[PDB]
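Asker: Experimental coordinates follow, after the sequence.
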Amino acid sequence: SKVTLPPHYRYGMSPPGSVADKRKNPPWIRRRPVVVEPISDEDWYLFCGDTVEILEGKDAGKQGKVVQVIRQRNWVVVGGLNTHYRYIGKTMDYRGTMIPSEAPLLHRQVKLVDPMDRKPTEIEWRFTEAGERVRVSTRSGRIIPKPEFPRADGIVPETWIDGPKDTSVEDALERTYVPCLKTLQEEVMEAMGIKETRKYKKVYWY
Amino acid sequence: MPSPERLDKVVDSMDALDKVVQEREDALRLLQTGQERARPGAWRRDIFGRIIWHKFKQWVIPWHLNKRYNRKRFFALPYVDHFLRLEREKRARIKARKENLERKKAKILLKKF
Amino acid sequence: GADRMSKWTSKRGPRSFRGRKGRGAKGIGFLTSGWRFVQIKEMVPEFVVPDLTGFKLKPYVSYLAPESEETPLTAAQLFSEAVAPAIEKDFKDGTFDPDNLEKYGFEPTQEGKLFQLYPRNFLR
Amino acid sequence: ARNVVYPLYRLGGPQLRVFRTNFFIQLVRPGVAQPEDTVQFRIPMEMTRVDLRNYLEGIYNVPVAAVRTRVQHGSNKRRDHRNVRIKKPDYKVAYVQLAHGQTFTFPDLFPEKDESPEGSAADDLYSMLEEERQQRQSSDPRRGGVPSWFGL
Amino acid sequence: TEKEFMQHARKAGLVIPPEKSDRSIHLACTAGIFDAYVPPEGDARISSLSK
Amino acid sequence: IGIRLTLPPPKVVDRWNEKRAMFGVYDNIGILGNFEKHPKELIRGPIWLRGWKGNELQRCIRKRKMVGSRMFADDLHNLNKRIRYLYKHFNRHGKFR
Amino acid sequence: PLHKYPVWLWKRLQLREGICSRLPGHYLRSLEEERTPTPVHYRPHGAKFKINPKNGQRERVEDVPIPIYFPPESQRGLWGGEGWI
RNA sequence: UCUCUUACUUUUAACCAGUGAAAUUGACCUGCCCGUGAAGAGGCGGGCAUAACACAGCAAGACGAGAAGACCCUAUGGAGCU
RNA sequence: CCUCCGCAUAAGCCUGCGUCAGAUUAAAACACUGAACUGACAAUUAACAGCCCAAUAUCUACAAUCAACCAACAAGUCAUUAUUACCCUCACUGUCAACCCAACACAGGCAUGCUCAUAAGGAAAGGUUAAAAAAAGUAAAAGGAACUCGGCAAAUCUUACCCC
RNA sequence: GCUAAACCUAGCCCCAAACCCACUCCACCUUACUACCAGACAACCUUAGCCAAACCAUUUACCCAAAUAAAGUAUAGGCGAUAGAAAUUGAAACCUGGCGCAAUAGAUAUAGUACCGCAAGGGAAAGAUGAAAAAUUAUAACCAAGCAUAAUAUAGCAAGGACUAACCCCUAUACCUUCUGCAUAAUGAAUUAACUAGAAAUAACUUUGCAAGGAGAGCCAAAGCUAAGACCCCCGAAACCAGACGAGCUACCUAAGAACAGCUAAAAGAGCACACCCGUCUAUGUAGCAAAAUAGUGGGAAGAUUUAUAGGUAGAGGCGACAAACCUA
Ligand SMILES: [Mg+2]
Ligand SMILES: [Mg+2]
Ligand SMILES: [Mg+2]
Ligand SMILES: [Mg+2]
Ligand SMILES: [Mg+2]
Ligand SMILES: [Mg+2]
Ligand SMILES: [Mg+2]
Ligand SMILES: [Mg+2]
Ligand SMILES: [Mg+2]
Ligand SMILES: [Mg+2]
Ligand SMILES: [Mg+2]
Ligand SMILES: [Mg+2]
Ligand SMILES: [Mg+2]
Ligand SMILES: [Mg+2]
Ligand SMILES: [Mg+2]
Ligand SMILES: [Mg+2]
Ligand SMILES: [Mg+2]
Ligand SMILES: [Mg+2]
Ligand SMILES: [Mg+2]
Ligand SMILES: [Mg+2]
Ligand SMILES: [Mg+2]
Ligand SMILES: [Mg+2]
Ligand SMILES: [Mg+2]
Ligand SMILES: [Mg+2]
Ligand SMILES: [Mg+2]
Ligand SMILES: [Mg+2]
Ligand SMILES: [Mg+2]
Ligand SMILES: [Mg+2]
Ligand SMILES: [Mg+2]
Ligand SMILES: [Mg+2]
Ligand SMILES: [Mg+2]
């Protein structure tokens, strides 16, 4: 869950704690770092879910949808577009099920596309005076909304039913706090009826 | 394990509760005595010349007739000034190497792009 | 050579070194003349548990609960929510005295009570 | 509680009361045969016998009769790849005995899975895998090496 | 005089992407066929125009 | 074997740099800027050798004099030993005496 | 690399840094006084220039002191301005 | 012990199967007699000998291998002692 | 078939032949699978032994050796009272192993109690042949030191003299 | 064709500028990582020496106030090796760099970690694919010593002249160093890859520039002055001094302990003889089981004995039933 990675550790289209990730780069390994474009956390525009357009590769010009961003190498993987082929089920006597897998593209090789006329377009982070922060097209001047993508919790809010050990909403927000100058200790000691009558004597701290 | 995220959820929920209770005690202590650090202590300089935050230890008799506390030495005794200077220079060398490597890495990035 | 790097635990020395070390448990008494241990009941910690019978609050929260901004409690906020209406009200009636602050919850010195705050009498 | 400085007991002082305790224990299945009332736990190092008695008699209302604890030595023999030793941690196991003639047997938590929901994100791929494996394994020793794809 | 070999590897792919992720594999086909076209038994016998 | 199998990447150098194009500008400043500055005041280097050629013994002596009050301890001891060794070398050993 | 300040100025820098800065200023002057003692264990020169034998040319003359060592018994009682040589 | 050695057993030893060192090594396709030679030759001169190659022994030679002779001499080199 | 070993305590080390899986590889001086191993899992539970004592004064000449005669010199290994204070009780630590010090799975070193040959504990021979040389043994015709610096070694038991 | 070979990039070096850091909770001077009790002891001290004087005995730059000049001048000095000022002059505020290294290089460093020693302390080695390894594909092959594909053919510093043919035929005393002289049977070297050894002055020569003047203050000058080029190695001792670390082996001592079967016991620093301590002689072993053992044979074994634990005496010394013996092989 909370594991520190080596200082020059490659990021490799698997999650960092996975099994084949521990297969690929074990803690023994030391290889050349991939020098990458440093990009601020305010200028990065494309998120995980919006439609994009590939500019160069084996299939330039086609549009598609990104499925993951790997920010440690400025990577995106568009859905089923920049693909190659690999066999999944493999044994010593049989291997088939040839399934296409995507290949990661840099952010320079990928342009965002506006839903009005559906062309690749350059973007500006034109901050709105009405409070919020949203992307704005340059050439046509249309607002590009951040798309709704299912969150990383693995859960959806609307069809969520409370279990036995899930507290209700109305009891999660009931304000019982009456602010007073007591500690928690003496408060629950007088709530529980516990009575202590003998004194704490002088003690020498040094 | 069936669902391992449940243990993480209970752990950081209890840490949120401990943080709330400690915040209430700390605000009440600032209003009543105006001191942070409910374990009282004092900046002292130990035998190796370092400056530390010594925490007090809640004894029964006062300090001047404590036999164990009077063997612990809180002073510098000037043969350690040379070793203090050497440690200072070692820290300066490490910081200089880090800053120069940052210079070089930024030059590599402006080289490639 | 002996093993320098592995830490010095209670299992390592001679027969006198074993027993004098311990593993970190806070003692609850004292040894008297005939090697007897006398437990003192006021030193062994008494767990103060409540009755959880009609309690309606679970170890998890429902995801339907809304979010809000975090605000850590500050001593000015505790002053404003605790003492400021009382001092404000009895100052409007002109009966407020700066001399006696003890009637609003202020304590001049912690030496009297049981749960004294700055030397931290209480355990946890 | 652990990692918390205890208030020193001057004689005739108040009762040391811990309110939000800090100890977390693990009921654990034994590795050897034990009698019917012995219930083996796994407790932190800073816990005593009397603390385990009051812990089980305050929170779970378990009537406890006798408690015996011991320290287990975690192994320190595994080397890393740079030959520095990796330390399995020490821990403290404790065996409580129930009081009033009660018995205890450790349950079986894992047997037995009976589940067959709809599968899309994992079992549709398993259905693809299994149907490809059921179809394509029709090799013939009488063809002798020829590919069985051409209708000719 | 204290050195060993390297390269513990395995030669069979497996099902890591459901072990946890939020990207599923984008297929472009299916496994088999929906319902098999059973041809007529005399298709070479009726290999002319019609009957 | 010592030789490399593949020839190295092409080393491309910009001859019309910023630094290469203005190299030697404000050199020759004293002659035709009526001698307000020396061309040795254009040198940017260590504070002891700015306009001074010197030996190896002379460079070490000048560095100890001009800077050795504020050097690090190990560097100062290494400079002391270097001056001791170079005195012993230049004034006792060699040919041509 | 090099230190910014020389090694012999770190004492005055420590005087200007922390609680030593909050000492009263006349104490700081009396501490940073650094004046010379009267001669005890040597005879000082009379003049500033002393014509010498073997060439009748005047030379500058200074008088340098003796590095005399004072044990702690000199701190316990009033000695002169004298100690061990 | 010897005149004067002999027989048997075990270890060792030879072959088979497994694992598997160390000193040494300028390169060698590495013979004998006489003579010569930095004065004691497998490599030089005159004669003689001469298909290639395994395995077990012996120690006449390789001025044999380990230790920049420990004996002799020198150093305007050391040290102990009187 | 051997046992001159073994079981414990102390000292030392710190999980170092318990289970499952890998044994495709890796150390087994070879292999099975396990002392020259990888990962995971589980154990050593105190009554045994450590960890102790409220003060101020005061007291303490007649050894031990079955302690009983006798007999000694090196003259010895063990003790309380008066007054005040004192009424709570079983907390903590060690407990595993085929193990320590010698670079090693080393014919070396290692304190005490117990049975002085065992109720414990183990295997000198990988298989074949019966060469030379070498080592350890057994036996030998007649002679018995004739060998050698010297009766060295071995075998039997062995007298007398001298120097220091 | 196996072992193999190849990689760039982690980082580092020298400068400039700038004065730099340190409690999340608990534990950490007693046996540090230990929650908890009555003698309170406490720091202030000229460095020495190797080395040069071709020995060595006074002597021998190292000292912490910016440069240049006066100047290597006055001075000091077995007046000798060498040491060496001062009066005085003046010292243009700001710029983020490399005719530096690239895994035997550069910090020792992936690290003061592994490993060695009781302790102070010593102290390493190494990694290389690709845009994608959620592409394990078929390539990419070619190159040191060493081997295999593929053992040998009479004769001889291994080769040369050749020749129709590899050999056969004629000629030929390996290299470096030290030497009057080496094939010498005088030293060094198994081989391959990488690393590993000429640093500078006064005075002279040449080439420019100026010229009785030269030089960007100071210094020289009866053709001189200024600038440049060109030129003086590496490894190796026994030793000396200063400060720390060592009595867990061993020499002795102190504290409180433990062991010594059986027989004859004359009474006993008595006799035979176990356990135990030591090691007279022989044999094996000599990179051995062992950096001092094994087997036999031996001396002591109720004492000046042996031994378990802790402490003490440390190098200009400790200790010593004097072996100039021992003080971590
Ligand atoms: Mg001859
Ligand atoms: Mg020869
Ligand atoms: Mg020889
Ligand atoms: Mg010699
Ligand atoms: Mg001479
Ligand atoms: Mg001499
Ligand atoms: Mg000498
Ligand atoms: Mg001496
Ligand atoms: Mg046991
Ligand atoms: Mg048996
Ligand atoms: Mg055999
Ligand atoms: Mg006979
Ligand atoms: Mg004879
Ligand atoms: Mg004879
Ligand atoms: Mg004999
Ligand atoms: Mg000399
Ligand atoms: Mg000389
Ligand atoms: Mg390196
Ligand atoms: Mg080759
Ligand atoms: Mg010939
Ligand atoms: Mg010749
Ligand atoms: Mg020579
Ligand atoms: Mg000669
Ligand atoms: Mg030779
Ligand atoms: Mg010679
Ligand atoms: Mg040789
Ligand atoms: Mg001793
Ligand atoms: Mg006797
Ligand atoms: Mg005897
Ligand atoms: Mg003696
Ligand atoms: Mg003598």
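Answerer: Perfect, thanks for sending it. Residues are numbered from 1 along each chain as shown, chains lettered A, B, ... in the order given. Ligands and ions are numbered 1, 2, ... in the order given.

Asker: any idea how far the residue nearest in space to the middle of chain E lies from RNA strand J?
Answerer: Nearest to the geometric centre of chain E sits residue E:31, at 5.8 Å (Cα atoms, centre = their mean). Noted for residue E:31: a distance of 18 Å to RNA strand J, by Cβ to the nearest atom of the strand, to the nearest Å. No exception for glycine: its C-beta is placed from N, CA and C like everyone else's.

Asker: tell me the contacts of that residue?
Answerer: Contacts for residue E:31 (Cβ atoms under 8 Å, 6 or more residues apart in numbering or on different chains) come out as D:127, D:128, D:131, D:132, D:135.

Asker: so what's the last one up against?
Answerer: Read that as residue D:135. By Cβ under 8 Å, 6+ apart, residue D:135 lies in contact with E:31, E:32.

Asker: Angles on the backbone of it, please.
Answerer: Here is the backbone geometry of residue D:135 (degrees, to the nearest 10): phi -80, psi -50.

Asker: Which phi and psi values does the residue in chain G that chain D sits nearest to adopt?
Answerer: Using Cβ to the nearest Cβ, the single residue of chain G nearest to chain D is residue G:19, 29.6 Å away. Per-residue torsions, residue G:19: phi -70, psi -30 (degrees, to the nearest 10).

Asker: The closest residue to residue C:60 other than its chain neighbours: how many residues sit nearby?
Answerer: The shortest distance from residue C:60 to any non-neighbouring residue, by Cβ to Cβ, 6 or more residues apart in numbering or on different chains, is to residue A:166 (5.0 Å). A total of 18 residues lie near residue A:166 under the criterion other Cβ atoms under 10 Å in any protein chain shown.

Asker: who touches the residue minimising distance to the centre of chain G in this structure?
Answerer: The residue lying closest to the centre of chain G (Cα atoms, centre = their mean) is residue G:36, at 5.0 Å. Contacts for residue G:36 (Cβ under 8 Å, 6+ apart) come out as residue G:65.

Asker: what's the spacing between it and residue G:44?
Answerer: Distance, residue G:36 to residue G:44, using Cβ to Cβ, to the nearest Å: 11 Å.

Asker: Tell me where the chain has strands.
Answerer: Picked chain A for this. Listed in chain order, the strands found in chain A under DSSP state E are A:51-54, A:63-70, A:75-78, A:83-87, A:98-102, A:105-106, A:110-112, A:123-124, A:135-137, A:143-144, A:166-167.

Asker: actually it's chain C I care about, not the one you picked
Answerer: With strands called from DSSP E, chain C shows them at C:29-31, C:37-39, C:46-47, C:60-61.

Asker: Would you mind measuring from residue G:13 to chain B?
Answerer: From residue G:13 over to chain B the distance is 13 Å, taken as Cβ to the nearest Cβ, to the nearest Å.

Asker: And residue D:50, by the same measure?
Answerer: In this structure, residue D:50 lies at 22 Å from chain B, with Cβ to the nearest Cβ as the measure.

Asker: how about the strands of chain D, start to end?
Answerer: With strands called from DSSP E, chain D shows them at D:17-18, D:38-43, D:64-72, D:78-79, D:85-86, D:91-98.

Asker: is it possible to export the ones you listed to TSV including mean neighbour count and distance to chain E?
Answerer: Shown next, in TSV, are the strands of chain D (neighbours: other Cβ atoms under 10 Å in any protein chain shown; distance: least, Cβ to the nearest Cβ, whole Å):
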stretch	mean neighbour count	distance to chain E
strand D:17-18	19	39
strand D:38-43	18	28
strand D:64-72	14	31
strand D:78-79	9	11
strand D:85-86	12	15
strand D:91-98	18	29
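
Asker: Same list, those strands, but as TSV with distance to residue F:35 please.
Answerer: Output for the strands of chain D, formatted as TSV (distance: least, Cβ to Cβ, whole Å):
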stretch	distance to residue F:35
strand D:17-18	86
strand D:38-43	88
strand D:64-72	87
strand D:78-79	73
strand D:85-86	73
strand D:91-98	84
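
Asker: Of all the ones you listed, which one comes closest to chain B?
Answerer: Once the strands of chain D are compared by Cβ to the nearest Cβ, strand D:17-18 is nearest, at 13.3 Å.

Asker: so what secondary structure elements neighbour the closest one?
Answerer: Applying 3 or more Cβ pairs under 8 Å, 6 or more residues apart in numbering or on different chains; DSSP states H and E, we find strand D:17-18 packed against strand C:46-47.

Asker: Residues contacting the strand it packs on, please?
Answerer: D:15, D:16, D:17, D:18, D:21, D:54, D:55, D:58, D:59.

Asker: That one pairs with which strands, parallel or anti?
Answerer: Applying DSSP bridges to the sheet, strand C:46-47 is found paired with strand D:17-18 (parallel).

Asker: Touching the partner strand from outside, list them.
Answerer: The contact list for strand D:17-18 (Cβ under 8 Å, 6+ apart) reads A:185, A:189, A:194, C:45, C:46, C:47, C:48, C:122, C:123, C:124, D:1.

Asker: now do stretch A:17-26
Answerer: Against stretch A:17-26 from outside (Cβ under 8 Å, 6+ apart): A:3, A:9, A:10, A:12, A:14, A:15, A:31, E:9, E:10, E:16, E:19, E:20.

Asker: Now the two most distant members of those.
Answerer: Greatest spatial distance among the contacts of stretch A:17-26 (Cβ to Cβ): A:31 and E:20, at 25.8 Å.

Asker: circling back to that earlier point, can I take it that the residue nearest to the centre of chain G is in a helix?
Answerer: No: judged by DSSP: H, G, I helix; E, B strand; the rest coil, residue G:36 forms no part of a helix; its state is coil.

Asker: What residues does chain B have near chain G?
Answerer: Within chain B, the positions adjacent to chain G are B:85, B:92, B:93, B:96 by Cβ under 8 Å from any Cβ of the partner chain.

Asker: do that again at 10 Å, thanks
Answerer: Contact residues, chain B versus chain G (Cβ under 10 Å from any Cβ of the partner chain): B:81, B:85, B:88, B:89, B:92, B:93, B:95, B:96, B:97, B:100.

Asker: secondary structure element for the first one?
Answerer: By that I understand residue B:81. Under the criterion of DSSP states H and E, residue B:81 resides in helix B:81-112.

Asker: can that helix be found next to chain F?
Answerer: Yes: judged by Cβ under 10 Å from any Cβ, helix B:81-112 comes into contact with chain F at B:82, B:85, B:86, B:88, B:89, B:90, B:92, B:93.

Asker: As a check, name the ranges of all helices in chain E.
Answerer: For chain E, helices defined by DSSP state H do not occur.

Asker: now chain D
Answerer: Using DSSP H, the helices of chain D run over D:49-56, D:123-135.

Asker: Just give the nearest non-adjacent residue to the residue nearest to the centre of chain E, would you?
Answerer: Spatial nearest neighbour of residue E:31, excluding adjacent residues (Cβ to Cβ, 6+ apart): residue D:131 at 3.9 Å.
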